[PDB]
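> The structure that follows is given in the form of C-alpha cells.
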C-alpha cells in the first residue's frame, strides 16, 4: 500500500449527508417481523454487504500487522504519523472534548446553538439549553459544551461507574449543578450501565422530569471500551452499546432535537440497519470522521438533526431488541438483524451513500495504518507540519491556545472586586426602605414594580467553583463566610440570595431543609447580566437555577429562584399564606408561605423591587387595553420596551422596599392583632387598587 499518495493534511473538512428520508416511519405492525435471531457470529472478514471485499480484507490485514508489534512502540509511531496529533485536548481534560470542538464548528454550531429545519433557533439566548451526555469519558464533550454555554446550558450525564467515571472537579468550567449525573435505577447510586432497561427507563424519566417533559435539545454519545486482543471484532463486540445509544436518542431527545453518536466499523447489516432507523427517525443524517479522530482507527460519528414526530414505535421496538440482547448473553444466539436486508437495499440512495462512506473510510484508514507501520519500520520519518496544522485548527474552531492551568485559587474578596469591575462597593450596602404608611406612596406607579416573599435576610453569594461558596452581608466590615451547605455552583458566579429553612409536613413529622433562594443575579459563571431587565435576570436565573439543581443527589442543598409577582397581582401571594403547626412552636400555628412544591417557609416580609428606570414609568391604556411606557421628561409614549427604561441591578437594589411581616401585622385572616400603626394586607391592596387605574 502506498500511503505517501494520501491528500495533504488540511484544516478544511467537507461533509456530505444522507438523502433526506421520504418513506414513512416504521410502526409496530411493520417492524413485527424485523428482528432476526441466529447463531452468534464472531467473524467479520466476510461482511461485504456494504463494502468491497478488497477494502475490508485490506483494512483487516493492516490492523493485524500490529498483532506482533509492540503496543507502545506502535503508539509512538502513531504520534509521529498523525498530522493532527499535537492538538490533543488543549486546555480540556482529554482529547475527546476537542472532537466536539471540531464538530461543533464543522456543523455550524449545531450543538452549542441548535436550530430547526427552517433556520430558527430552539433556545432564546436572551430560555435554557438542555443537553444529555451518555457513555462519556469524564464528560469531555460536556466540558466543551459547558465551557461554551456557561450557565446557559443544563446537562444530564450517565456513564459507567469506576475508573472512567465523570470527573466534575476537573472541568475547566462548570460544576456539579451544571452537568448533573444520573446513573440509572437508584439515581446516583446506580451503576450507569446504559445497556440495562432499568437504567434506560430511569434516566429517561429523570431527563423528562427536568426538561418540562419535552426532552433535551440534543444528545451526544461517545461510548467505547477496550477490545484488546480482539480489535478486529470491535464493531460486533459493541453492537449492543450502539443500539442502546441510538435508543437513548429516541428516548430523551425532543422533537426537532439533534443527536451525535460515536460508531466504529459499520460493515455488519446490524449496524447498518440501526443507521437506517436513525435515518428514518431524523430529518437528515450523515456519517462523518473529524480530523480530531485518529486516522488509523475505525472511529467515526453519525450526526442526526431534526427528530421527527411519531418515533415512539421505533423506540419501543429498539427497547425490546435490547431486552432480547440481554437475554442472549453468554449463549450461542444473537440478534443479527434489526432491519431486513431487503428493506435496507430497497432504498438505493441510502445504500449508495452507505457503501461509499464505508469504502472511502476504508481507503483512508488503510493508508493511515500502512503509514503507522512505515513509521514503526523507520523512526526517522515524521510529519514536520503538526505544529502549524494544530495552530490553524485552533484558529479555525475558535479555541484559544491557552492552557487549563489557572486553578483560580482566588479569595472571595478579590474575586468579588474582579467580578464587579469597578462598580462602587457602597451600592452593595444599601438597606431596603421599610414600607410604612409614610412610605406607601413610593410604590404608587405599581406597574413599575415586582414583589417577592422573603424568608430570611438578604445576602450576597459568590461561587468560586464546586463547594467553594461564600456569602457576605453587604457591609464593608463583614468578612466573606464559607457557606455550610452541601451544594455546588460554577466559578465566576455572583448572586443576591437568602438562605431559607424549607419545611415539609407539620408537627412531629415535619422535615426541614435549608435552601438557597435567589432574589436577583449579577454575574453567573462569567457573563455579566446586571444591566438586563429584572424579569430577564430572573428568567436567566431560572435558566441557571434549573441548571443548578439536584434530582439525582437528594443529599444536596437545593437552589431556587424566588417566585416573582407583579405588584398589581400581590393578591395572589396571600392565597398561598397558611397557618401551619411548626415543630417547636408549642402548638402555635405560624404563618407559612407554600411554594410550587409541597414545601413551605416562615415569611419575614415582602420585597418590592422597581423594574423601570428614572423618569420612565408604565401606565395602562384603557383604549388599547395594553400597558405602555411613558417618559416623564420628553412626554413620549410607546408600547414597546425602551432600552433606557430598563432598571439594572444597582437601580433595582437601591430602590427596593421591604414590607416587614412581624407581630401585629395582619396578612392572613386568622391572625388579626392588627396594630393600627402598621400596614395590613387590606391597606396595601386598597392602595394598589386605587392606583391601578
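All residue numbers here begin at 1 and follow the chain in the order shown.
This deposition comes from electron microscopy, 4.0 Å.
Positions of Cβ are set from backbone N, Cα and C atoms, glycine also.
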> Among 82, 94, 297, indicate the single residue that Swiss-Prot lists for the S-adenosyl-L-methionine site containing 135, 136, 137, 138, 139, 140, 141, 193, 194.
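Looking through 82, 94, 297, the residue Swiss-Prot assigns to the S-adenosyl-L-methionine site is 94.
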> Compare the Cα of residue 138 (S-adenosyl-L-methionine binding site) against each of the recorded positions 65, 67, 222, 262 and report the nearest.
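It is 222, whose Cα lies nearest.
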> Write down the Cα-Cα distance for residue 262 (active site, proton acceptor) and residue 67 (substrate binding site), rounded and given in Å.
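So the Cα of residue 262 (active site, proton acceptor) lies 25 Å away from that of residue 67 (substrate binding site).
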> Go through the recorded positions 63, 140, 193, 222, 234 and tell me which ones have a CA within 10 A of the CA of residue 262 (active site, proton acceptor).
222
> Return only the integer: C-alpha distance in Å from residue 234 (substrate binding site) to residue 140 (S-adenosyl-L-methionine binding site).
23
> Pop the Cα-Cα gap between residue 65 (substrate binding site) and residue 136 (S-adenosyl-L-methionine binding site) into the table, whole Å please.
30
> Could you round the CA separation between residue 94 (S-adenosyl-L-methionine binding site) and residue 232 (substrate binding site) to a whole angstrom and send it over?
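Their Cα atoms are separated by 25 Å.
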> What span in Å does the S-adenosyl-L-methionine site cover, taken as the longest CA to CA distance among 94, 135, 136, 137, 138, 139, 140, 141, 193, 194?
22
> Please identify, among the recorded positions 63, 99, 232, the one with the smallest Cα-Cα distance to residue 222 (active site).
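The smallest Cα gap between residue 222 (active site) and any of the recorded positions is with 99.
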> Can you tell me how far the Cα of residue 232 (substrate binding site) sits from the Cα of residue 99 (active site), in Å?
24
